[PDB]
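Each of the two blocks below gives one form of the same protein chain as structure tokens; they are labelled structure 1 and structure 2.
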Structure 1
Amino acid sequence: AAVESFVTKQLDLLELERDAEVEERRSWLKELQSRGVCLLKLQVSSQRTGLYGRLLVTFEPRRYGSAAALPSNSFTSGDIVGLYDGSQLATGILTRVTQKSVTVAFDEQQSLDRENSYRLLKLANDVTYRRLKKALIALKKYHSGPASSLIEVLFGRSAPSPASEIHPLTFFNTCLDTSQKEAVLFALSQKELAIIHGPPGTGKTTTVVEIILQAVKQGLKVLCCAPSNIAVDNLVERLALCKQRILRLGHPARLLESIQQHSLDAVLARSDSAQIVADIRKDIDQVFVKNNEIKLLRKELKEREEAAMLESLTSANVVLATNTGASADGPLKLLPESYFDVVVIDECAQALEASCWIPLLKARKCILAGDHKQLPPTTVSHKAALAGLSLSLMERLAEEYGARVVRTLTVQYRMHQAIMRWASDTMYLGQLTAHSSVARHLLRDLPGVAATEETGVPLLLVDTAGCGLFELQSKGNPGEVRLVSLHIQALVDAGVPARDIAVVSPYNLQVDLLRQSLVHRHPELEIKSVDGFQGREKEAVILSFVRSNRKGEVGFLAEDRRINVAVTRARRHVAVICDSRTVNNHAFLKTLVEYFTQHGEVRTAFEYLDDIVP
């Protein structure tokens, strides 16, 4: 069918990816590394247990035995690492990374001492690809189970079965607006597929939660997935507010801290498993004797553990995991197939479609939510990107079916209408609407915050042109750093706390840049890329487009959705700092600066900076 060609082409697009990633891996011989994908002169600096009965050790670099340190390749939280003294000393996972620390959670096996020197290696992992391969296959080789119907629908085979016409709804959330209502109504009344298209600020998660509550009222069992841990946990922390009985699939690493309590790991540590661990010590006391043994009784952990987690999985109404966390080799394997009734994928338009097929083969209905007019899933292979990996299951369907399967939230509760309209008129067909409560709010309306030229204006653009604030293989721009700084200080002086402000540029260079010249004078001020700031919001957001050159080159500021995302992070105030001259060679980017100048209060670097040779 369409599947046994989809799956066959999709595996292709997939190997193009793995390969394009094993390229920029095996390419960049033991110094070029620490830049980088490696940490050396690591001294051990703390040892404890935690999370949950693991070995949490902390490290810090030791130049000539003292500073500093760390230049790490972000070496971000949740990364799998090596650890060397010889060769492979163990394996563990990354809890946090400071520019002084890095802490790693070891799953135990032995110590390990202060009076040594260590190395730490970011390892690569084939699991995400392995499981994506395994998904697609199963989709290909699907008999006649429950997902069968839904499959046909997501692939043209057959059309959408009619409405299940749920008896009208007593809503838990009464302050719900009408778009959200037709949405919720419609999702529960489908039968194979409902798509919640939720633009920035429309309360898409208020809407999904409401859906899930109804589902549990009808006595339905739910799998709730998303591509990232951050997004799952969004839902996990909202479900938990509504008292719902919920389980979140480990590893707790990895997991929002406010919520460890809900991971399969914590539940399992609330017994009954003072017994299973009572003998965890057994097995460790017979690798000692020594001087068929363990096998004899490791059959006991199998049943015991798999007994408890089967129980816990059963006693929850909503089970939550990452798309790839719902792998048929994860805890979901203890459930008979036919266990879940619906599967919600939040942030679907932001995830490889092949992942979605992991959680998707487990229900016979699914709700998809997200905003395909913001960032698509990331692709390392340009070639796959053109071939359509960067296409989301949600987008594809949205393009195909339209209002036959999509319901779209329209009142938004974040942005002042000025900001609101750009994105609206620009990316969402001129249909967004401010809630009568956000449409006129500015920073001067905040408490402690004085009225001011800035704190009193929703939009603002300070121009690089033509003061020759040129750039300089990511992209920085000293002229812009400098500028934000001042506007930053204009905001913090007018009252605005830094905790309520964020600075966002598209390039990682401008970021470290911005950070270096900012972190110390404003510790609680978030500085991050646009891709590292999705879903977030702030009272005031300072953008930095960075690109200024005579050549007219915008880089990837051309990717429309990125820009959209960026502008929509602001509630009461977005100040864009770009170069009029260069930025204008891209239509979208132009009608933006055009907007900022029609209904905005604009300025030119001139008003801000002393040295001026045009």
Structure 2
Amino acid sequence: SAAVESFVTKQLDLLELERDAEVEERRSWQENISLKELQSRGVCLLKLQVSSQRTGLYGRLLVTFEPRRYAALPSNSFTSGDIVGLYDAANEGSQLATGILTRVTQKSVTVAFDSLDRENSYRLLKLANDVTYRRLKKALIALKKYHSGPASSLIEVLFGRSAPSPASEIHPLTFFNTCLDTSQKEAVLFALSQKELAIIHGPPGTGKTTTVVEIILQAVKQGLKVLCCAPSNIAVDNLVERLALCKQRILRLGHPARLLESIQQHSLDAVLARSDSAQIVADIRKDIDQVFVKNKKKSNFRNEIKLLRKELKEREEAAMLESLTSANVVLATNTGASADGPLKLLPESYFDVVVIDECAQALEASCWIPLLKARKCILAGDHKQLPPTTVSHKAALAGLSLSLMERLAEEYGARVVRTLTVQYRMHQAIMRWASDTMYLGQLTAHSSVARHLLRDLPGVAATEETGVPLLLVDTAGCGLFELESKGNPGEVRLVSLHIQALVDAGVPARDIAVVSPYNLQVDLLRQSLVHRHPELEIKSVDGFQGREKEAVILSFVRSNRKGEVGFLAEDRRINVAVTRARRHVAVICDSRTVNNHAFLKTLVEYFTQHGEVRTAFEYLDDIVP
């Protein structure tokens, strides 16, 4: 109650810092930045046209927006759950309303609300997510004001006040998944045995989610109820897909970010909509069928929806509690799992185990939403990769960067953590660098990826580039300096030349990824490359978490006189960056600058030991020393 009080007040502060930081952050973008290229960044959509408007789940009015009669949407970072602002072109730039994405396709976008004409011209503006802030702030007060309950023991252990209780005796397991390596079989067994806290640690390519799934299947098999969460939609949807293939009884507190049919089937609205209610849409219709007769001009109408509203509620809450009550696993992003959301309906002490996947990517405040809905939690992910992102760096340092899983791991180590060790992605030479610098040399390469090269690929010819798994082309000391975020047009030309090398040898662009730490380098690189290789992904490290290509090319950007790298000195980002690659990783960088940081120095020292190393002088002829 003390360690709790302080942690909490500390957090509540770190938040308004963030919230204030994010808010002002957006004000500037909305200020000194045109509507036209805000969209260019994928953070506003225009100009849009109403395609449909139907009252949906809860009283909420679901409006669907598509590009005016042209037709797919301009690429964007809109995702289910986002907060969105609605404007009219012919209106006074005044904000008409605020909403929530429920479904974002390549050529449509759906917002829930709580007038609108089928003839344009609407705008859509990504805004701070005040709901998340409001929820986080509350699971935080709810924690500090926690009583005597199932969650009691977990909390002691979590806050050091007590210690991981002795692990129940291991009652032999039959594995649903038959192809599990020994490393995973033990993580599973261990995890079921804890009666408090378990953490499974999954380095790049080791099959974490596969092991999270087995663990979940085993807990359903013991007849336990599981609330399973992650910080991202995408993490949640991958679990949904997996569990679904394993014919499990699940319910995702929607909505999905991935559009796969398999996954759309299992979200709340499509669970309810699968009987036994054709009635509840006859309430929806009934009132969205009267906002029709709304335009007569007018009140006393209000009392009539007030009525249909309260009936929809009572009916919806019932079919909900049912669908909830009969699933063995309820799935939600950490936020979705909130105490106001659908879960309010369940009787406390309903769930036994909370599972949180990609915990190392989630900020601890978010984890305390589901975490106190059960007596036992199971954390999974890799705290040696990217931590939760923030806007207020000064807040991050303050401890917002510190996820639940990471602290508990450094804290408890093997009293609680099991780490997977066999990886199925990288050539041994790529693995070995990450193994040793990040994962204590414990990683091992499954025989199906160890040894694999680009020349092994169908249609790919054998080349000085295709037959090597490691390549460094070094910019020291070729006057290929950075700019004045950061950019480096010298590097941009080297990576295009080496892209051309691979593509010309037969490697399809769709198998390659260009990646850079810096947003402006990405921008610089898209500019020079997209028309040349339309299928080639070009992203920042942070926009490539969890991804994987046969070949990855990296651009370090930092090359200067004062020998500075910066944020480039976040090793986990480099770790993530090197580990996306399967058969081939090329690094374009300035030795002379990069070496002034130890982690980076040993990275390039590695490439020098193993794999090939070239100088820019071999690529560029107009180069002046």
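Structure 1's sequence is the ruler for residue numbers, which start at 1. Only the largest set of C-alpha atoms that superpose within 1.5 Å between the two forms is called the rigid core.
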{"property": "Candidates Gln286, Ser189, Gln218, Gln431 - which moves between structure 1 and structure 2, C-alpha at least 2 Å, core fixed", "result": "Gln286"}
{"property": "Threshold 2 Å Cα movement between structure 1 and structure 2 for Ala566, core superposed", "result": "no"}
{"property": "Core superposition between structure 1 and structure 2, C-alpha change of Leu42 at least 2 Å", "result": "yes"}
{"property": "Core-aligned CA displacement of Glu257 at least 2 Å between structure 1 and structure 2", "result": "yes"}
{"property": "Following rigid core superposition, Cα shift of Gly92 between structure 1 and structure 2 in Å", "result": "4.4"}
{"property": "Backbone CA shift between structure 1 and structure 2, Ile276, after core fitting (angstrom)", "result": "1.6"}
{"property": "Rigid core fit between structure 1 and structure 2: Cα deviation of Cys356 in angstrom", "result": "0.1"}
